[PDB]
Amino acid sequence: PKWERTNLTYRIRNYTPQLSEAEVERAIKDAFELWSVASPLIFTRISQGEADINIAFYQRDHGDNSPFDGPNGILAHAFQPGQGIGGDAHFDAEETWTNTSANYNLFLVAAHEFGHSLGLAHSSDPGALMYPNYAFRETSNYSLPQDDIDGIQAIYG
């Protein structure tokens, strides 16, 4: 399952109060760019309207049948490429979201979710961004690990 288009739109529907709106937007923009520099995909932000990828912070039951679980545990989930709910990413509004080394770092988690929104599943490689469990890595000048590059390149090009 892959996107049949290269320029995709995204919309941040709501925010987490833990960070400024500028910080949430920055975390998201930077997360999309990591995949962009390794594939033919281009991401355009819209403020209202129907975007391909909807992004939102939700708590527990939130209408899609996969409830979140409060602090820790499940951090976020994302739908595979598709119309409607397809490609959308939900973040557990009950987590502590940061832009530091403290758990958790929104940019790293968003980056992981977007891999899913683009059609990638988990990697068994512990150094991959797509590894199932969260681990902090310096974000300052972060680049996609080689395993993940192999991943989107195998899907798109």
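We number the residues from 1 along the sequence you see.
In this entry, 39 to 47 has the higher mean Cα B-factor, the comparison being between 39 to 47 and 54 to 62. A summary of the deposited B-factors shows that, of 129 to 137 and 19 to 27, the stretch with the larger mean C-alpha value is 19 to 27. Across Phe68, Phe114, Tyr104, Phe107, the greatest Cα temperature factor reported in the deposited entry is at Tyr104. Of the candidates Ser143, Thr9, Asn14, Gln146, the one whose C-alpha carries the top B factor in the deposited record is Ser143. The deposited CA B-factor of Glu95 belongs to the middle third of values across its chain. In the PDB entry, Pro81 places in the highest third of its chain by CA B-factor.
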